[PDB]
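Okay, structure first, notes after.
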Amino acid sequence: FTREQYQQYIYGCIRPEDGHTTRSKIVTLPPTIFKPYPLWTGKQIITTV
Amino acid sequence: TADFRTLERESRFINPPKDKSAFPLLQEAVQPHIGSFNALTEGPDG
Amino acid sequence: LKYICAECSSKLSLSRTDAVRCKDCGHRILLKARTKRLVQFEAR
Amino acid sequence: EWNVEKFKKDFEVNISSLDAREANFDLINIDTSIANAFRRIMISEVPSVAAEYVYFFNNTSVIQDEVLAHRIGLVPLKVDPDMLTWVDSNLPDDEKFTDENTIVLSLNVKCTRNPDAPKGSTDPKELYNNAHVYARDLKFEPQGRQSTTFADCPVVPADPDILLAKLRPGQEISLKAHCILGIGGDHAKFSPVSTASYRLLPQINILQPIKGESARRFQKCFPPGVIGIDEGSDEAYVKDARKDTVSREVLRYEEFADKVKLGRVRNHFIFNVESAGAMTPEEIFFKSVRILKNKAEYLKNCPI
Amino acid sequence: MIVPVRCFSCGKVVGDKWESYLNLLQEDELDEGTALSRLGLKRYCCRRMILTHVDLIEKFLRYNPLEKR
Amino acid sequence: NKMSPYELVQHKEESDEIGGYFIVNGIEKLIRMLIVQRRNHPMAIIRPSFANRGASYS
Amino acid sequence: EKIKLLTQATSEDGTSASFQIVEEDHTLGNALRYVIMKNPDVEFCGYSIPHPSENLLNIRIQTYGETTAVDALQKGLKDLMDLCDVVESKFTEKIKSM
Amino acid sequence: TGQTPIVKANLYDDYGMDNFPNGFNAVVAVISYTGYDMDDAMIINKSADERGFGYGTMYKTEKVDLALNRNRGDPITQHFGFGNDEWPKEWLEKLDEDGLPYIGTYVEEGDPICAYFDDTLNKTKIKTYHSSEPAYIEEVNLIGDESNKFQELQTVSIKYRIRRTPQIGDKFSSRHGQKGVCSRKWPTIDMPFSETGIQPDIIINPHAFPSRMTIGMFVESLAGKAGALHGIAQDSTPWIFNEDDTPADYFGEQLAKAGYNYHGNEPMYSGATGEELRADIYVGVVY
Ligand SMILES: [Zn+2]
Ligand SMILES: [Zn+2]
């Protein structure tokens with residue numbers, strides 16, 4: 001997942017204003033692959049979920 | 001393949017047959033009901 | 001004329017204590033005809 | 001880095017065809033997020049005029065009233081949606097339908113038996129009088145100041161042969177219909193578009209050369225304008241990557257499971273906008289990029 | 001019962017094409033595949049409206065309570 | 001009884017209308033069919049309730 | 001009452017803040033999310049619908065600093081405006097040539 | 001508006017079932033897209049039945065009998081029509097001068113359906129609509145009594161019609177036992193869409209197939225789509241296919257001659273995000 005896709009799947013399920021988060025700010029992870037362009041593996045979706 | 005019987009389905013909707021009915025196989029589905037009441041009045045020995 | 005014979009489709013009226021039958025054939029079922037009135041619909 | 005001048009260099013439009021109803025055109029180097037945002041407006045949020053309130057005075061026909069009212073609502077009306085404004089729903093019915101908000105349509109048709117029909121006829125157009133009610137029988141009645149601004153163009157339906165009802169003698173239909181604006185998110189009758197959707201440009205990538213007698217069977221597994229054979233050497237190439245329906249027929253044959261792959265150009269959209277009749281498909285897409293600009297402009301000025 | 005205006009999938013106006021279709025099957029002796037293509041019905045959602053319309057209103061209309069018989 | 005499907009329409013019934021049913025108080029009733037033992041054939045039957053006709057019944 | 005800053009999700013610094021837009025579908029929320037993820041100061045951004053049967057739309061914007069989350073939203077609405085002003089011009093330049 | 005099926009047995013046209021249409025051909029995609037259709041549920045395109053997809057009505061008839069409280073020639077105390085008392089002018093709207101309702105009037109709960117004058121109380125009582133679902137009055141019969149002496153009317157049959165637009169929670173089904181209620185009339189711009197431009201007006205889950213093993217619905221999808229393209233109907237009376245001529249091969253080679261996929265699939269896109277989906281989505285029309 002690219003960075004626009006990665007941050008869309010997290011806010012589509014957390015939504016901090018309904019109090020599903022515990023930090024009042026969505027924290028993320030560094031991507032799995034830095035070069036040539038950043039990508040997040042789908043393991044790492046549920047890691048930050 | 002089958003066929004859509006358009007221009008025959010449509011013509012039979014406009015004017016029904018003045019002779020005997022189309023689809024005679026539907027009339028044989030109730031002959032054990034129709035022909036059973038017809039035996040009460042007609043047939044052999046009255 | 002507010003009624004229709006169900007048999008012969010002749011339109012007719014029906015006064016007080018009058019017999020329910022068509023004046024043209026002895027049929028006992030009258031159909032109340034539809035008089036022109038506003039009926040408001042939403043086209044949905 | 002992204003900029004509005006970097007997008008202005010890479011974006012271009014490649015228009016294929018025009019017609020009074022259908023327009024085929026392309027958007028290059030634009031996102032799927034924006035190209036979907038244009039077709040979601042063309043179906044749902046671009047206005048059109050359709051019949052919403054139908055006022056039956058008499059209906060003794062076989063098709064009942066809410067269904068016959070529903071069919072008048074689905075009739076497309078050839079009228080410019082810019083010629084009249086929006087209604088306010090909270091206003092009462094005396095003050096809501098003004099002549100700047102509402103076009104009135106009437107349908108008065110009576111059926112009677114034709115005594116001059118030939119013997120043994122079957123055709124109901126000759127055996128009866130006014131037996132079929134069409135969309136052209138919806139007569140336009142201008143009220144107020146719209147007898148002048150619609151004198152140049154009356155409200156005729158876009159498809160005048162739409163069969164509304166069928167009648168037998170003795171039966172009649174008498175109604176009035178107030179048609180107003182609305183969007184396709186409200187009801188399907190306000191979408192001014194038959195269909196508006198994109199397919200992305202397919203990318204037929206021949207990996208290994210298909211020279212020989214396998215270039216008549218590789219050509220057969222596509223639409224005929226897609227693959228051609230080269231003249232200077234017998235060699236299948238891509239003539240036009242637009243004409244292919246993505247059928248993946250080459251993947252059924254194990255001969256071509258190494259020599260070709262079927263990708264997709266991820267930013268070359270092919271819009272196919274088909275108008276229902278009220279507007280040109282040039283104008284619907286032109287409104288839909290104006291609706292999205294005004295939609296972001298409304299949030300830019302509203303206080304947070 | 002009667003021909004549907006504006007087919008159920010895309011929204012193409014279809015209801016003006018019933019009486020032309022029966023003209024293009026009886027007078028012009030065509031099969032159903034060519035007649036749906038000549039009327040401009042290309043998408044198969046549009047094609048299954050005129051191909052599979054029953055037109056059952058003609059069977060309803062022979063019960064007219066407003067005329068003698 | 002012998003009406004054409006034209007004549008069944010003119011007598012308001014239905015064109016290909018099959019009968020079979022009684023009309024009772026405006027309601028279309030139907031007497032069902034029952035499956036039942038064949039006529040005129042004596043079939044050998046083992047039932048434990050034949051023993052309960054008294055003593056020594058098999 | 002069209003745009004509304006959700007006070008229980010905003011930050012005191014102003015860098016992180018949620019927004020709630022009434023009667024907006026995926027049409028604007030996906031287009032606005034793409035344009036402001038092109039900003040090299042936005043850290044997090046995404047849109048979400050709380051329930052499809054209610055015409056509501058939430059949008060998160062979190063940024064690295066040196067800009068508030070409202071000032072990011074105002075830039076992304078300006079640049080989604082200008083992106084619709086160049087797809088309007090080139091479609092007009094090709095329909096005049098035709 | 002019923003339709004005749006694309007995919008039908010040869011016994012269908014032999015029993016005259018075209019006289020009685022019981023459903024409609026629907027563009028059915030077998031896709032997990034929605035999230036609202038898992039166990040047995042299913043969705044409709046919203047703009048499908050804004051156009052009249054699957055619309056139906058319900059007719060309900062009650063008999064208003066004014067002569068069931070007396071016996072043997074005693075004078076009738078209850079007459080249809082209005083009297084001379086001060087009865088409220090509110091119910092001239094629903095009722096005619098003879099105490100009968102008009103044809104086509106919209107009647108919700110509490111509205112009068114007939115007015116009758118009484119003699120033992122000297123007051124016009126109305127009978128009212130004892131149902132919480134609103135209706136329209138379609139026809140009013142006058143059931144006259146048959147006797148040697150002629151009698152004023154005491155029995156009137158009134159028929160209602162009720163608009164049953166397909167709401168969500170209504171059960172639809174296929175011709176293979178795939179029942180299920182409707183979840184949400186999903187909007188057209190949010191539905192998936194093919195490259196041809198169409199959108200499926202029914203979504204069924206692919207998880208309704210493996211435990212149920214209704215492979216006859218997968219092959220009605222091929223046979224339905226390959227028939228609407230060529231304008232033909234295919235017979236589907238059973239055991240016309242062997243194990244050597246599979247109908248996946250019969251209706252597959254018809255879809256290849258039209259330019260569509262052999263396996264019944266189509267490239268589809270999402271309505272929400274607008275992206276190319278992974279695999280070609282399995283579509284086609286079933287009844
Ligand atoms: Zn009479
Ligand atoms: Zn269509």
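Each chain in the structure tokens gets a letter, A, B and so on, in the order shown; residues start at 1 in every chain, and ligands are counted from 1 in the order they appear.
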Q: Please identify every polymer residue within 9 Å of ligand 2, using only C-alpha atoms and all ligand atoms, and present the set as an MDAnalysis selection string.
A: (chainID D and resid 194:195) or (chainID E and resid 6:14 41:49) or (chainID H and resid 197:199)
Q: Using DSSP on the backbone, list every residue of chain C that comes out as strand (DSSP E), and give them as an MDAnalysis selection string.
A: chainID C and resid 3:5 11:12 29:32 39:42
Q.
Select, as a PyMOL selection string, those residues of chain A with any atom no more than 12 Å from chain G (distances computed using only C-alpha atoms).
A. chain A and resi 2-29
Dump as JSON lines the rows for residues of chain H within 12 Å of chain F: closest atom pair and distance in Å with one decimal, only C-alpha atoms counted, ordered by chain and rising residue number.
```
{"residue": "H:15", "atom": "CA", "partner": "F:16", "partner_atom": "CA", "distance": 9.9}
{"residue": "H:16", "atom": "CA", "partner": "F:16", "partner_atom": "CA", "distance": 8.3}
{"residue": "H:17", "atom": "CA", "partner": "F:16", "partner_atom": "CA", "distance": 10.5}
{"residue": "H:18", "atom": "CA", "partner": "F:16", "partner_atom": "CA", "distance": 11.4}
{"residue": "H:19", "atom": "CA", "partner": "F:16", "partner_atom": "CA", "distance": 8.5}
{"residue": "H:20", "atom": "CA", "partner": "F:16", "partner_atom": "CA", "distance": 10.7}
{"residue": "H:61", "atom": "CA", "partner": "F:26", "partner_atom": "CA", "distance": 11.6}
{"residue": "H:62", "atom": "CA", "partner": "F:26", "partner_atom": "CA", "distance": 11.8}
{"residue": "H:63", "atom": "CA", "partner": "F:26", "partner_atom": "CA", "distance": 11.0}
{"residue": "H:157", "atom": "CA", "partner": "F:26", "partner_atom": "CA", "distance": 11.9}
```
Any chance you could export the current selection's C-alpha atoms as a compact mmCIF listing (two decimals), in the first residue's frame?
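Here's the written file part12.txt:
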```
# COMPACT_ATOMS: atom_id res chain seq x y z
CA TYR H 15 -48.02 -24.49 -19.86
CA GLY H 16 -48.52 -20.86 -20.87
CA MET H 17 -46.53 -19.35 -18.03
CA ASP H 18 -45.92 -16.29 -20.23
CA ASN H 19 -49.53 -15.43 -19.34
CA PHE H 20 -48.38 -15.14 -15.70
CA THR H 61 -61.17 -6.12 -0.18
CA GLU H 62 -63.55 -5.88 2.77
CA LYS H 63 -67.33 -6.23 2.76
CA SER H 157 -67.88 -4.11 -1.21
```
Q) Mind pulling up the distance from CA of residue 222 (chain H) to CA of residue 31 (chain E)? A) 21.2 Å
Q.
Please identify all protein, DNA and RNA residues within 12 Å of ligand 1, counting only C-alpha atoms and all ligand atoms, and report them as a PyMOL selection string.
A. (chain C and resi 3-13+20-31) or (chain E and resi 65-69)
Write a file of the just-selected residues containing C-alpha atoms, as a CSV table (one decimal), in the first residue's frame.
```csv
chain,number,residue,atom,x,y,z
C,3,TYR,CA,-73.1,3.9,-11.2
C,4,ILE,CA,-72.4,1.3,-13.8
C,5,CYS,CA,-74.1,-2.0,-14.3
C,6,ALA,CA,-71.6,-4.8,-14.0
C,7,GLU,CA,-73.3,-6.9,-16.6
C,8,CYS,CA,-74.4,-4.6,-19.5
C,9,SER,CA,-72.2,-1.6,-18.7
C,10,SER,CA,-75.0,0.9,-18.9
C,11,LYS,CA,-74.5,3.9,-16.7
C,12,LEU,CA,-77.3,4.8,-14.3
C,13,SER,CA,-78.3,6.6,-11.0
C,20,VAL,CA,-80.4,-2.0,-6.7
C,21,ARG,CA,-80.8,-3.2,-10.2
C,22,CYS,CA,-80.0,-2.0,-13.7
C,23,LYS,CA,-83.0,-0.5,-15.5
C,24,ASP,CA,-82.1,-2.4,-18.7
C,25,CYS,CA,-81.5,-5.9,-17.3
C,26,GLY,CA,-82.1,-7.5,-13.9
C,27,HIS,CA,-78.6,-7.5,-12.6
C,28,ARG,CA,-78.0,-6.9,-8.9
C,29,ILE,CA,-74.3,-5.6,-8.9
C,30,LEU,CA,-73.6,-1.9,-9.5
C,31,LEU,CA,-70.1,-0.5,-10.0
E,65,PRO,CA,-66.4,-2.3,-17.6
E,66,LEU,CA,-67.3,0.9,-19.4
E,67,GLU,CA,-68.6,-0.6,-22.7
E,68,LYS,CA,-71.2,-3.2,-23.6
E,69,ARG,CA,-70.0,-6.5,-25.1
```
Q: Just the residues within 7 Å of residue 109 (chain H), please, counting only C-alpha atoms, with nothing from its chain fewer than 3 positions along; format it as a PyMOL selection string.
A: chain H and resi 129-132+134
Could you turn the residues from that selection into a file that holds N, CA, C and O atoms, as an mmCIF file, in the first residue's frame?
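Output below, filename again_35.cif:
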```cif
data_model
loop_
_atom_site.group_PDB
_atom_site.id
_atom_site.type_symbol
_atom_site.label_atom_id
_atom_site.label_comp_id
_atom_site.auth_asym_id
_atom_site.auth_seq_id
_atom_site.Cartn_x
_atom_site.Cartn_y
_atom_site.Cartn_z
ATOM 1 N N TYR H 129 -61.447 3.432 8.477
ATOM 2 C CA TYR H 129 -60.427 2.556 7.914
ATOM 3 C C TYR H 129 -59.581 1.997 9.052
ATOM 4 O O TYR H 129 -58.760 2.711 9.635
ATOM 5 N N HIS H 130 -59.781 0.720 9.367
ATOM 6 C CA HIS H 130 -59.143 0.087 10.520
ATOM 7 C C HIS H 130 -57.848 -0.613 10.114
ATOM 8 O O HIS H 130 -57.674 -1.819 10.293
ATOM 9 N N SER H 131 -56.928 0.171 9.563
ATOM 10 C CA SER H 131 -55.630 -0.351 9.167
ATOM 11 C C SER H 131 -54.627 0.784 9.184
ATOM 12 O O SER H 131 -54.934 1.898 8.755
ATOM 13 N N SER H 132 -53.425 0.495 9.665
ATOM 14 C CA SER H 132 -52.413 1.521 9.843
ATOM 15 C C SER H 132 -51.564 1.750 8.603
ATOM 16 O O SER H 132 -50.633 2.557 8.653
ATOM 17 N N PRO H 134 -51.563 3.072 4.671
ATOM 18 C CA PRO H 134 -52.465 3.849 3.815
ATOM 19 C C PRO H 134 -52.709 3.196 2.466
ATOM 20 O O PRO H 134 -51.865 2.475 1.931
#
```
**Q.** Close residues, residue 135 (chain H) itself excluded, 9 Å, only C-alpha atoms, min 3 positions apart in chain, as a list in words
**A.** residues 105, 106, 107, 108, 160, 161, 162 and 163 of chain H
Q | For region 84-95 of chain G: contacts at 7 Å, only C-alpha atoms, fewer than 5 positions along chain excluded, given as an MDAnalysis selection string | A | chainID D and resid 8 12:13 15 286 289 293
How about saving the chosen residues, C-alpha atoms kept, as a compact mmCIF listing (two decimals), in the first residue's frame?
```txt
# COMPACT_ATOMS: atom_id res chain seq x y z
CA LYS D 8 -1.37 21.84 -16.37
CA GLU D 12 -4.67 17.05 -21.87
CA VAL D 13 -8.05 16.09 -23.33
CA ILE D 15 -11.93 14.16 -27.76
CA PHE D 286 -18.94 21.11 -18.44
CA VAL D 289 -16.47 20.24 -13.43
CA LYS D 293 -15.33 23.73 -8.35
```
Q: Once DSSP has gone over the backbone, tell me which residues of chain E are in helix (DSSP H, G or I), as a count of residues only.
A: 27
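Relative to CA of residue 73 (chain D), CA of residue 144 (chain D) is found at 23.3 Å.
Interatomic distance, CA of residue 300 (chain D) against CA of residue 186 (chain D): 25.3 Å.
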Q | residue 278 (chain D) surroundings by only C-alpha atoms, 8 Å radius, close-in-sequence under 4 positions cut, as number ranges by chain | A | D: 48, 76-80, 158, 192
The selected residues should be written to file as a PDB file, in the first residue's frame (atoms: C-alpha atoms).
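The result, written out as out_30.pdb:
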```pdb
ATOM      1  CA  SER D  48     -32.489  18.269 -14.739  1.00  0.00           C
ATOM      2  CA  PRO D  76     -37.206  13.102 -20.184  1.00  0.00           C
ATOM      3  CA  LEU D  77     -38.217  16.690 -20.861  1.00  0.00           C
ATOM      4  CA  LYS D  78     -36.306  18.678 -23.482  1.00  0.00           C
ATOM      5  CA  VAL D  79     -35.888  21.890 -21.509  1.00  0.00           C
ATOM      6  CA  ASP D  80     -32.778  23.800 -20.472  1.00  0.00           C
ATOM      7  CA  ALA D 158     -36.963  14.516 -25.642  1.00  0.00           C
ATOM      8  CA  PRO D 192     -29.867  13.802 -17.350  1.00  0.00           C
TER       9      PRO D 192
END
```
Q) Quick one: which residues from chain H are at most 12 Å off chain C, using only C-alpha atoms, as an MDAnalysis selection string? A) chainID H and resid 47 49:52 55 76 78:83 93:107 136:159 163 165
Save the residues we just selected, N, CA and C atoms, as a compact mmCIF listing (two decimals), in the first residue's frame?
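File written: selection-v4.txt
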```
# COMPACT_ATOMS: atom_id res chain seq x y z
N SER H 47 -31.12 3.46 -7.78
CA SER H 47 -31.79 4.01 -8.94
C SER H 47 -32.42 2.94 -9.83
N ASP H 49 -34.83 0.70 -8.57
CA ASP H 49 -36.22 0.76 -8.16
C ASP H 49 -36.68 2.17 -7.81
N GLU H 50 -35.88 3.18 -8.14
CA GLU H 50 -36.48 4.48 -8.39
C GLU H 50 -37.08 4.52 -9.79
N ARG H 51 -36.69 3.58 -10.65
CA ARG H 51 -37.24 3.44 -12.00
C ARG H 51 -38.35 2.41 -12.09
N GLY H 52 -38.57 1.60 -11.06
CA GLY H 52 -39.68 0.67 -11.06
C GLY H 52 -39.26 -0.78 -11.08
N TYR H 55 -41.33 -3.34 -8.63
CA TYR H 55 -42.45 -2.68 -7.97
C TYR H 55 -43.71 -3.54 -8.06
N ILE H 76 -85.50 -1.69 8.24
CA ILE H 76 -84.08 -1.38 8.28
C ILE H 76 -83.87 -0.06 9.01
N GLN H 78 -80.77 1.26 9.40
CA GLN H 78 -79.50 1.81 8.95
C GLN H 78 -79.54 1.96 7.44
N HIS H 79 -79.47 3.20 6.97
CA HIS H 79 -79.54 3.54 5.55
C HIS H 79 -78.22 4.17 5.13
N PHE H 80 -77.73 3.80 3.94
CA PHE H 80 -76.59 4.50 3.37
C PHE H 80 -76.96 5.92 2.98
N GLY H 81 -76.02 6.83 3.14
CA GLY H 81 -76.22 8.23 2.86
C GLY H 81 -76.11 9.06 4.12
N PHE H 82 -76.33 10.36 3.94
CA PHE H 82 -76.29 11.30 5.05
C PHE H 82 -77.70 11.61 5.54
N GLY H 83 -77.77 12.08 6.78
CA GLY H 83 -79.01 12.47 7.40
C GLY H 83 -79.15 13.97 7.50
N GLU H 93 -64.92 15.22 2.02
CA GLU H 93 -63.72 15.08 1.21
C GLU H 93 -63.53 13.64 0.75
N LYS H 94 -63.73 12.69 1.65
CA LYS H 94 -63.56 11.29 1.30
C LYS H 94 -64.83 10.66 0.75
N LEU H 95 -66.00 11.16 1.15
CA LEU H 95 -67.26 10.49 0.90
C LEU H 95 -68.12 11.29 -0.07
N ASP H 96 -68.94 10.57 -0.84
CA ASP H 96 -69.86 11.15 -1.79
C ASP H 96 -71.19 11.40 -1.08
N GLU H 97 -72.20 11.92 -1.79
CA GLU H 97 -73.48 12.26 -1.20
C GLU H 97 -74.27 11.04 -0.75
N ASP H 98 -73.99 9.87 -1.31
CA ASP H 98 -74.67 8.64 -0.97
C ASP H 98 -73.98 7.87 0.14
N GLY H 99 -73.01 8.48 0.82
CA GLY H 99 -72.32 7.79 1.88
C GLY H 99 -71.33 6.74 1.41
N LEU H 100 -70.93 6.80 0.17
CA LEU H 100 -69.94 5.93 -0.42
C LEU H 100 -68.70 6.73 -0.76
N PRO H 101 -67.51 6.14 -0.71
CA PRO H 101 -66.30 6.93 -0.94
C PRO H 101 -66.04 7.11 -2.42
N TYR H 102 -65.20 8.08 -2.73
CA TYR H 102 -64.88 8.29 -4.13
C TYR H 102 -63.81 7.30 -4.58
N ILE H 103 -63.71 7.13 -5.89
CA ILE H 103 -62.75 6.20 -6.47
C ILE H 103 -61.42 6.92 -6.60
N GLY H 104 -60.38 6.34 -6.02
CA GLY H 104 -59.05 6.88 -6.13
C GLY H 104 -58.60 7.73 -4.96
N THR H 105 -59.41 7.87 -3.93
CA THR H 105 -59.06 8.76 -2.83
C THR H 105 -58.05 8.09 -1.90
N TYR H 106 -57.16 8.90 -1.35
CA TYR H 106 -56.10 8.41 -0.49
C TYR H 106 -56.62 8.32 0.94
N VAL H 107 -56.58 7.13 1.52
CA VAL H 107 -57.20 6.87 2.81
C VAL H 107 -56.14 6.33 3.76
N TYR H 136 -55.39 3.33 -1.40
CA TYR H 136 -56.20 4.05 -2.37
C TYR H 136 -57.41 3.19 -2.69
N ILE H 137 -58.56 3.83 -2.85
CA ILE H 137 -59.80 3.09 -3.11
C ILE H 137 -59.93 2.88 -4.61
N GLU H 138 -59.95 1.61 -5.03
CA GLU H 138 -59.94 1.29 -6.44
C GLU H 138 -61.34 1.12 -7.02
N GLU H 139 -62.21 0.39 -6.33
CA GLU H 139 -63.56 0.19 -6.84
C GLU H 139 -64.52 -0.02 -5.69
N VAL H 140 -65.78 0.32 -5.93
CA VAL H 140 -66.87 0.17 -4.97
C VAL H 140 -68.00 -0.56 -5.66
N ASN H 141 -68.33 -1.75 -5.17
CA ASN H 141 -69.43 -2.53 -5.71
C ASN H 141 -70.68 -2.28 -4.89
N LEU H 142 -71.84 -2.54 -5.49
CA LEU H 142 -73.11 -2.45 -4.79
C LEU H 142 -73.78 -3.81 -4.85
N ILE H 143 -73.66 -4.57 -3.77
CA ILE H 143 -74.15 -5.94 -3.73
C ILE H 143 -75.62 -5.87 -3.35
N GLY H 144 -76.50 -5.92 -4.35
CA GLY H 144 -77.92 -5.90 -4.09
C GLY H 144 -78.42 -7.27 -3.67
N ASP H 145 -79.37 -7.27 -2.74
CA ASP H 145 -79.94 -8.51 -2.25
C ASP H 145 -80.97 -9.02 -3.25
N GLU H 146 -81.01 -10.34 -3.42
CA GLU H 146 -81.98 -10.98 -4.30
C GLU H 146 -83.15 -11.46 -3.46
N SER H 147 -84.32 -10.86 -3.69
CA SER H 147 -85.54 -11.25 -3.02
C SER H 147 -86.72 -10.84 -3.90
N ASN H 148 -87.89 -11.40 -3.59
CA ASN H 148 -89.08 -11.09 -4.38
C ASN H 148 -89.55 -9.66 -4.13
N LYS H 149 -89.45 -9.20 -2.89
CA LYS H 149 -89.65 -7.79 -2.58
C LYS H 149 -88.33 -7.06 -2.72
N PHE H 150 -88.39 -5.86 -3.27
CA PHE H 150 -87.18 -5.13 -3.62
C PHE H 150 -86.72 -4.28 -2.45
N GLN H 151 -85.41 -4.24 -2.24
CA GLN H 151 -84.84 -3.77 -0.99
C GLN H 151 -83.80 -2.69 -1.27
N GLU H 152 -83.72 -1.73 -0.36
CA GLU H 152 -82.65 -0.74 -0.35
C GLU H 152 -81.32 -1.44 -0.06
N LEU H 153 -80.23 -0.85 -0.53
CA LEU H 153 -78.92 -1.49 -0.39
C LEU H 153 -78.47 -1.54 1.06
N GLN H 154 -77.89 -2.67 1.42
CA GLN H 154 -77.36 -2.89 2.75
C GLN H 154 -75.98 -3.51 2.73
N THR H 155 -75.41 -3.76 1.55
CA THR H 155 -74.13 -4.45 1.43
C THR H 155 -73.32 -3.78 0.33
N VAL H 156 -72.11 -3.32 0.67
CA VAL H 156 -71.24 -2.59 -0.24
C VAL H 156 -69.83 -3.15 -0.10
N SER H 157 -69.22 -3.56 -1.21
CA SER H 157 -67.88 -4.11 -1.21
C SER H 157 -66.89 -3.07 -1.71
N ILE H 158 -65.91 -2.74 -0.88
CA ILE H 158 -64.90 -1.74 -1.19
C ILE H 158 -63.52 -2.40 -1.28
N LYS H 159 -62.79 -2.11 -2.35
CA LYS H 159 -61.48 -2.68 -2.60
C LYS H 159 -60.41 -1.60 -2.50
N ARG H 163 -49.56 0.59 -2.11
CA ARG H 163 -48.30 0.65 -2.84
C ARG H 163 -47.21 -0.07 -2.07
N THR H 165 -43.91 -0.56 -2.79
CA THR H 165 -42.57 -0.30 -3.30
C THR H 165 -41.58 -1.16 -2.52
```
Q: Show me which bits of chain D are within 8 Å of chain G, counting only C-alpha atoms, as a PyMOL selection string.
A: chain D and resi 1-2+4+7-8+11-15+33-34+36-37+40-41+286+289-290+292-297+299-300+302-304
Q: Excluding residue 123 (chain H) and residues on its chain fewer than 5 positions from it, collect all residues at most 7 Å away from it, counting only C-alpha atoms, and give them as a VMD selection string.
A: chain H and resid 85 117 to 118
Please save N, CA and C atoms of the selected residues as a PDB file, in the first residue's frame.
```pdb
ATOM      1  N   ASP H  85     -79.079  15.642  10.551  1.00  0.00           N
ATOM      2  CA  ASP H  85     -78.489  16.151  11.778  1.00  0.00           C
ATOM      3  C   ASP H  85     -77.277  17.028  11.471  1.00  0.00           C
ATOM      4  N   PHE H 117     -76.775   6.613   7.793  1.00  0.00           N
ATOM      5  CA  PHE H 117     -77.702   7.211   8.739  1.00  0.00           C
ATOM      6  C   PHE H 117     -78.417   6.132   9.533  1.00  0.00           C
ATOM      7  N   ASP H 118     -78.595   6.382  10.822  1.00  0.00           N
ATOM      8  CA  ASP H 118     -79.221   5.436  11.727  1.00  0.00           C
ATOM      9  C   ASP H 118     -80.565   5.994  12.178  1.00  0.00           C
TER      10      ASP H 118
END
```
